[PDB]
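To be precise, the following lines are start-v3.cif, and they hold mmCIF, C-alpha atoms; chains and numbers go by the auth columns.
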```cif
data_my_file
#
loop_
_atom_site.group_PDB
_atom_site.id
_atom_site.type_symbol
_atom_site.label_atom_id
_atom_site.label_comp_id
_atom_site.label_asym_id
_atom_site.label_seq_id
_atom_site.Cartn_x
_atom_site.Cartn_y
_atom_site.Cartn_z
_atom_site.B_iso_or_equiv
_atom_site.auth_seq_id
_atom_site.auth_asym_id
ATOM 1 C CA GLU A 1 0.000 0.000 0.000 0.00 1 S
ATOM 2 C CA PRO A 2 1.065 3.606 -0.622 0.00 2 S
ATOM 3 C CA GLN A 3 1.716 6.176 2.133 0.00 3 S
ATOM 4 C CA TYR A 4 2.709 4.871 5.585 0.00 4 S
ATOM 5 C CA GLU A 5 1.744 1.218 6.163 0.00 5 S
ATOM 6 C CA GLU A 6 -1.606 0.778 7.951 0.00 6 S
ATOM 7 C CA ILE A 7 -2.789 -2.180 10.060 0.00 7 S
ATOM 8 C CA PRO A 8 -6.233 -1.976 8.403 0.00 8 S
ATOM 9 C CA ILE A 9 -6.607 -2.436 4.626 0.00 9 S
ATOM 10 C CA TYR A 10 -9.568 -4.721 3.852 0.00 10 S
ATOM 11 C CA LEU A 11 -13.004 -3.175 3.223 0.00 11 S
ATOM 12 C CA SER B 1 11.703 14.282 26.737 0.00 1 G
ATOM 13 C CA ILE B 2 9.284 11.345 26.362 0.00 2 G
ATOM 14 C CA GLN B 3 11.679 8.366 26.464 0.00 3 G
ATOM 15 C CA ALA B 4 15.295 9.155 25.505 0.00 4 G
ATOM 16 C CA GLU B 5 16.332 7.708 22.127 0.00 5 G
ATOM 17 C CA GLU B 6 15.278 4.043 21.858 0.00 6 G
ATOM 18 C CA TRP B 7 11.999 4.234 19.933 0.00 7 G
ATOM 19 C CA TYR B 8 11.971 8.029 19.494 0.00 8 G
ATOM 20 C CA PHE B 9 14.692 10.380 18.214 0.00 9 G
ATOM 21 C CA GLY B 10 12.824 13.719 18.110 0.00 10 G
ATOM 22 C CA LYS B 11 11.922 15.637 14.944 0.00 11 G
ATOM 23 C CA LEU B 12 13.389 13.275 12.348 0.00 12 G
ATOM 24 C CA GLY B 13 12.151 12.303 8.867 0.00 13 G
ATOM 25 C CA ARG B 14 12.089 8.968 6.996 0.00 14 G
ATOM 26 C CA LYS B 15 15.442 9.633 5.294 0.00 15 G
ATOM 27 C CA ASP B 16 17.348 9.719 8.554 0.00 16 G
ATOM 28 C CA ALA B 17 15.091 7.255 10.364 0.00 17 G
ATOM 29 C CA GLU B 18 16.179 4.647 7.809 0.00 18 G
ATOM 30 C CA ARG B 19 19.754 5.996 7.986 0.00 19 G
ATOM 31 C CA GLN B 20 20.429 6.187 11.755 0.00 20 G
ATOM 32 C CA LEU B 21 18.586 2.847 12.021 0.00 21 G
ATOM 33 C CA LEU B 22 20.887 1.140 9.498 0.00 22 G
ATOM 34 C CA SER B 23 23.731 3.440 10.609 0.00 23 G
ATOM 35 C CA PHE B 24 23.508 3.232 14.419 0.00 24 G
ATOM 36 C CA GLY B 25 24.490 -0.404 15.067 0.00 25 G
ATOM 37 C CA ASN B 26 21.103 -1.450 16.499 0.00 26 G
ATOM 38 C CA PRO B 27 19.572 -4.816 15.569 0.00 27 G
ATOM 39 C CA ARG B 28 16.122 -5.189 13.964 0.00 28 G
ATOM 40 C CA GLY B 29 13.120 -4.453 16.213 0.00 29 G
ATOM 41 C CA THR B 30 14.410 -0.867 16.532 0.00 30 G
ATOM 42 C CA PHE B 31 11.091 1.003 16.253 0.00 31 G
ATOM 43 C CA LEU B 32 12.409 4.589 16.168 0.00 32 G
ATOM 44 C CA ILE B 33 9.969 7.537 16.302 0.00 33 G
ATOM 45 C CA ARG B 34 10.123 11.041 14.795 0.00 34 G
ATOM 46 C CA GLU B 35 7.967 13.972 13.656 0.00 35 G
ATOM 47 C CA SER B 36 6.363 13.352 10.247 0.00 36 G
ATOM 48 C CA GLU B 37 7.278 16.102 7.770 0.00 37 G
ATOM 49 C CA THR B 38 4.222 15.109 5.722 0.00 38 G
ATOM 50 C CA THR B 39 1.721 17.186 7.694 0.00 39 G
ATOM 51 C CA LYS B 40 2.052 20.362 9.791 0.00 40 G
ATOM 52 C CA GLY B 41 4.101 18.132 12.090 0.00 41 G
ATOM 53 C CA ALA B 42 2.659 14.749 13.100 0.00 42 G
ATOM 54 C CA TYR B 43 4.751 11.976 14.626 0.00 43 G
ATOM 55 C CA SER B 44 6.171 8.691 13.366 0.00 44 G
ATOM 56 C CA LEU B 45 7.520 5.269 14.378 0.00 45 G
ATOM 57 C CA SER B 46 10.262 4.031 12.037 0.00 46 G
ATOM 58 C CA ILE B 47 11.408 0.427 12.560 0.00 47 G
ATOM 59 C CA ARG B 48 14.667 -1.338 11.624 0.00 48 G
ATOM 60 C CA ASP B 49 13.953 -4.742 10.047 0.00 49 G
ATOM 61 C CA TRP B 50 17.216 -6.026 8.511 0.00 50 G
ATOM 62 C CA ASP B 51 17.178 -9.700 7.422 0.00 51 G
ATOM 63 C CA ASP B 52 19.710 -12.490 6.738 0.00 52 G
ATOM 64 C CA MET B 53 18.632 -12.610 3.079 0.00 53 G
ATOM 65 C CA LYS B 54 18.455 -9.071 1.653 0.00 54 G
ATOM 66 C CA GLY B 55 20.382 -6.625 3.852 0.00 55 G
ATOM 67 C CA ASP B 56 19.168 -4.023 6.342 0.00 56 G
ATOM 68 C CA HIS B 57 16.006 -1.942 5.870 0.00 57 G
ATOM 69 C CA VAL B 58 13.612 0.358 7.724 0.00 58 G
ATOM 70 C CA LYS B 59 9.814 0.666 7.564 0.00 59 G
ATOM 71 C CA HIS B 60 7.739 3.332 9.322 0.00 60 G
ATOM 72 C CA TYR B 61 4.416 3.826 11.099 0.00 61 G
ATOM 73 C CA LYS B 62 3.176 7.407 10.681 0.00 62 G
ATOM 74 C CA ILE B 63 2.056 8.372 14.189 0.00 63 G
ATOM 75 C CA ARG B 64 -0.990 10.643 14.496 0.00 64 G
ATOM 76 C CA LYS B 65 -2.729 12.041 17.586 0.00 65 G
ATOM 77 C CA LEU B 66 -6.489 12.576 17.630 0.00 66 G
ATOM 78 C CA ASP B 67 -7.572 15.605 19.654 0.00 67 G
ATOM 79 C CA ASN B 68 -10.617 13.475 20.440 0.00 68 G
ATOM 80 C CA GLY B 69 -8.408 10.896 22.123 0.00 69 G
ATOM 81 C CA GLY B 70 -4.618 10.655 22.042 0.00 70 G
ATOM 82 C CA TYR B 71 -2.111 8.939 19.758 0.00 71 G
ATOM 83 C CA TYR B 72 -2.348 6.003 17.353 0.00 72 G
ATOM 84 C CA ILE B 73 -0.235 4.458 14.566 0.00 73 G
ATOM 85 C CA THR B 74 -3.403 2.644 13.480 0.00 74 G
ATOM 86 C CA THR B 75 -7.019 3.627 14.246 0.00 75 G
ATOM 87 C CA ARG B 76 -7.426 0.186 15.858 0.00 76 G
ATOM 88 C CA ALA B 77 -5.304 1.187 18.891 0.00 77 G
ATOM 89 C CA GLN B 78 -4.857 4.734 20.243 0.00 78 G
ATOM 90 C CA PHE B 79 -3.536 5.914 23.635 0.00 79 G
ATOM 91 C CA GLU B 80 -3.111 9.145 25.568 0.00 80 G
ATOM 92 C CA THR B 81 0.541 10.040 24.820 0.00 81 G
ATOM 93 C CA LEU B 82 3.712 8.791 23.086 0.00 82 G
ATOM 94 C CA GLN B 83 5.172 7.458 26.340 0.00 83 G
ATOM 95 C CA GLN B 84 1.889 5.702 27.206 0.00 84 G
ATOM 96 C CA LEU B 85 1.652 4.052 23.770 0.00 85 G
ATOM 97 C CA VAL B 86 5.335 3.203 23.701 0.00 86 G
ATOM 98 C CA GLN B 87 4.458 1.565 27.008 0.00 87 G
ATOM 99 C CA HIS B 88 1.733 -0.618 25.512 0.00 88 G
ATOM 100 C CA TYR B 89 3.658 -1.218 22.303 0.00 89 G
ATOM 101 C CA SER B 90 6.669 -2.313 24.379 0.00 90 G
ATOM 102 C CA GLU B 91 4.789 -5.253 25.910 0.00 91 G
ATOM 103 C CA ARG B 92 2.709 -5.726 22.737 0.00 92 G
ATOM 104 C CA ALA B 93 3.085 -5.103 18.986 0.00 93 G
ATOM 105 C CA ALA B 94 -0.024 -2.892 19.244 0.00 94 G
ATOM 106 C CA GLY B 95 -1.124 -4.303 15.874 0.00 95 G
ATOM 107 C CA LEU B 96 1.687 -2.852 13.726 0.00 96 G
ATOM 108 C CA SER B 97 4.671 -4.792 12.347 0.00 97 G
ATOM 109 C CA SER B 98 5.436 -5.500 16.018 0.00 98 G
ATOM 110 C CA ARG B 99 6.298 -3.865 19.353 0.00 99 G
ATOM 111 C CA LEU B 100 8.590 -0.813 19.491 0.00 100 G
ATOM 112 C CA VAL B 101 12.344 -0.320 20.116 0.00 101 G
ATOM 113 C CA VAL B 102 13.447 -3.480 21.962 0.00 102 G
ATOM 114 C CA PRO B 103 14.156 -2.855 25.657 0.00 103 G
ATOM 115 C CA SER B 104 17.061 -5.327 25.912 0.00 104 G
ATOM 116 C CA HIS B 105 18.590 -4.652 22.474 0.00 105 G
ATOM 117 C CA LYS B 106 21.851 -5.943 23.993 0.00 106 G
#
```
Take the structure I supplied and represent it as structure tokens, if you would.
Amino acid sequence: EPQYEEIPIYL
Amino acid sequence: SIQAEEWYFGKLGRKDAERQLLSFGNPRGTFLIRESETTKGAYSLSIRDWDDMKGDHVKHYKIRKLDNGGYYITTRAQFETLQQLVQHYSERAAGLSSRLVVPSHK
């Protein structure tokens, strides 16, 4: 994913 | 002076965070912190994750503080301050790539 990584990502 | 310089350096960016991390002599698990230069001035949690099959590296967890609550690298876990969250992240990954700067790096 772009930008800083994020724990959440699914819908 | 939240902690001292284990998981937080001060007002650093991602260029140095990856540098000092791979240029300080600390082993992986070094979740450094620093002010994000992306916004007016948020925070951040860089992390050293070298490996025995690619070389050293450094990821980062943009830290943001909600005025409605406190701090949070991910909206799934916020806290009241950087020392309080480095406290929870120390005994737990908090949900990110893992905990924060290792306490017994030695």
Inset, instruction - Could you give me, as a ChimeraX atom specification, the residues that sit within 10 Å of (-5.6, -0.1, 19.7) in the file's coordinates, counting all atoms listed in the file? - result: /G:71-79,85,88-89,94-96
Inset, instruction - Evaluate the PyMOL selection byres ((chain G and resi 34) around 9) on the structure here and hand back the selected residues as a ChimeraX atom specification. - result: /G:7-14,17,32-33,35-36,42-46,62-63
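Proximity to chain S was assessed for G:101, G:47, G:21, G:53 counting only C-alpha atoms; the smallest distance is recorded for G:47.
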What are the closest atom pairs, with distances in Å to one decimal, for all residues of chain S lying within 10 Å of chain G? Consider only C-alpha atoms, order rows by chain and residue number, and present the result as a Markdown table.
```
| residue | atom | partner | partner_atom | distance |
| --- | --- | --- | --- | --- |
| S:3 | CA | G:62 | CA | 8.8 |
| S:4 | CA | G:62 | CA | 5.7 |
| S:5 | CA | G:61 | CA | 6.2 |
| S:6 | CA | G:74 | CA | 6.1 |
| S:7 | CA | G:96 | CA | 5.8 |
| S:8 | CA | G:74 | CA | 7.4 |
```
Inset, instruction - Can you work out the spacing between atom CA of residue G:49 and atom CA of residue G:66 in Å, to one decimal? - result: 27.8 Å
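Atom pair atom CA of residue G:56 / atom CA of residue G:28: separated by 8.3 Å.
Distance-wise, atom CA of residue G:15 and atom CA of residue G:40 end up 17.7 Å apart.
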